[PDB]
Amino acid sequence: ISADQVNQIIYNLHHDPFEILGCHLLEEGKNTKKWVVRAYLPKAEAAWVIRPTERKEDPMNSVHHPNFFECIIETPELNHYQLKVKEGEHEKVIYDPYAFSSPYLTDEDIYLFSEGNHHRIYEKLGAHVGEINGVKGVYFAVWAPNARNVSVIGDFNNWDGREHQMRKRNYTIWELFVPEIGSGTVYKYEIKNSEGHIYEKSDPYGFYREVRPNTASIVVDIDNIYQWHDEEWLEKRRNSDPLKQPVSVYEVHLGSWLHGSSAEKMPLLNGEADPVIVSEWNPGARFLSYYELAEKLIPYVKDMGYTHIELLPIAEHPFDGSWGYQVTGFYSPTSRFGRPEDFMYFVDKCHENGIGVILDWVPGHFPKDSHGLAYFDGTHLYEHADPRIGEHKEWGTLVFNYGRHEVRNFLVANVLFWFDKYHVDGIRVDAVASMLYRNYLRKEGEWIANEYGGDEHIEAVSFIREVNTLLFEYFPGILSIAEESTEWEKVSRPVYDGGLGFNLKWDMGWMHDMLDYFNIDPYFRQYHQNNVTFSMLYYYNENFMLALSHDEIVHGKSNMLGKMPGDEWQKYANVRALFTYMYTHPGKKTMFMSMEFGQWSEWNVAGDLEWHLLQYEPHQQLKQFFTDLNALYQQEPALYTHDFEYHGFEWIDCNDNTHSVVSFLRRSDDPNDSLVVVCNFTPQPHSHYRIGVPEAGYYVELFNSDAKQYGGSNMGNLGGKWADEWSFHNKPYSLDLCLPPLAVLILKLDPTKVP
């Protein structure tokens, strides 16, 4: 490029910056092409072009002016890149703002989609505000290759689509531009199939939707509705390894945490809307908006000390009672709680408070509702045609055809979509087994084997691997969490080593061992010490997340207190012991709303949590307990640096089954950060109980779950204990501890203490 062309851009004289900024082809070689990418980045000193899917990074050079950058790259195609931009001491990573010159689909868009590789297909499919033939309007496009016809129906044409019939491109995708309508436009697609039958669909790539049980899509100007402030949070995440950090997740179902009064409007970010009544059964109650949740859930979680909030599925879904796990609007956050910009504000505000957001994401199935993806164009489009792999009969739902390019693309791009447009920090996928197995919940003679005679769902495995491969390339630093309940191997290992590419897996065996264990009468736990210890045997085969989830406090399983034997005092003490053990045991942590304050009743999604319990001391003390434990977790490196290395853990002794006592060490990089953890899982106190420790010195009683401020009896070691030079548990020194009833102690050598 020339200085004259550069100055035209710098001083805003150029007639069309897309001519020059973005990606342009310079020449074709035999096996490759030469491209240039150009950017104008005022205030940046430096920049790079990242090609995350090839694992490459090329620097940009300033050309004629210090904020005008060029990068020449040779590669056969340059579809997938990002710009890294350094301003002062800060870097951000973004998509090229000059990537797309027009709102319509190009040949290249269509070709990439046909192959299932269009990582940004949602910039073109769906509905977007733009300009064509010099007029402002909305471009619509939808994949429906077997339709006989499609028209856009909406408010703007009184649901009559005769003058808005769409044009079919390449036998596959229908499009139409509609002048002078914009955001807020309510619309559907009217489709005629090959039999002549006419019906209506919501937009598969819709960015907003009417409030259930209405289903019309709504047009969103998704890049011009919200201003973010979380650059520093994103930089920190991209440059860190969350596996080496504390991760304590508060799991939350947004629709049932807290309700408000349906006799007022639902406030939104700089506006308001009609209330969304939680149900006809409870009509005085409404849902809180994303905006109100940002103002109330977030400081609550911050004060509790959790690092992350994990949301039950917020993609648009027609029935409250699915909890979100049956989705029909994969590209829009549910309108139950307001608008897209309200949820953006919610994420932006978590990031400001130092809190990550993890989304339960549901690529495993979708329900049959006629507004949604089913039988979309008069054929089995999204779902596989053979019901032996295309329906989950026991659930009444349909299974995506993962092997079909455009279907894979829908989902792969959908996952990237929440990271791109909504800045989320992770996903969690429920029931991965449902995808992995061709015989899932299917009886003999009702499924067929793969091409090698096995039960592995090859297409699904390949899809899962591509999702995880792409996520971590484009957004390093995220959490990808699996619950997989059949001991499939290498769930949380790299795809290159034969894994599925997740970086965490729920430890369901651990959950079952713990809840079965605490449910047993204390005198009988002696027969079941293996429940305490067994999961350390397989622990190092995955990176484990220790989750006590929503699923474990419904359907007659009781809430946590109710699972526990004994009198009221003992029930609380059992909860404190269980969770102190959870937080000290290796692995990341997840717990569900209501567990942190001892709700007696089961989670019931038709109401909100029983907040009134927090008027009473026991519930308050338990909440203080979790607040303190979370703070401890963040303060003590040995609780999080080495979760997944042998170094990080060692049993001291775990054979005293007769008193249901176990003890262990946690370690970090600095030997002085080592912790000694001692657990007493019966109500019998012990005034003298010797535990081997690795070093002489004073061991501070850093934490005690029987402290009175937690509702305990306040028994313990009055600050700490000097180790005796007295070999025990194969260790040269030892502590003669007082062990409180149904309680866990954490101790720490203070090497600077005065003897």
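Residues carry their position along the shown sequence, with the first being 1.
Of the two segments, 3-11 and 746-754, the one listed with the higher mean B-factor is 746-754 (C-alpha atoms only). Higher mean CA B-factor, judged across 672-680 and 286-294 from the recorded values: 672-680.
The PDB entry assigns the greatest CA B-factor among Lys349, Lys589, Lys571, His197 to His197. Highest CA B-factor among the listed residues (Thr75, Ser594, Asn353, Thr627): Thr75. Among all modelled residues in this chain, the alpha-carbon of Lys33 has a temperature factor (C-alpha) in the highest third. In this PDB entry, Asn717 carries a Cα temperature factor that places it within the highest third of its chain's modelled residues.
Placement of the Cα temperature factor of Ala707 within the chain: middle third of the modelled residues, per the deposited record.
Among the modelled residues of the chain, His550 sits in the lowest third by CA temperature factor in this PDB entry.
Annotation for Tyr523: CA B-factor lies in the highest third of the chain's modelled residues.
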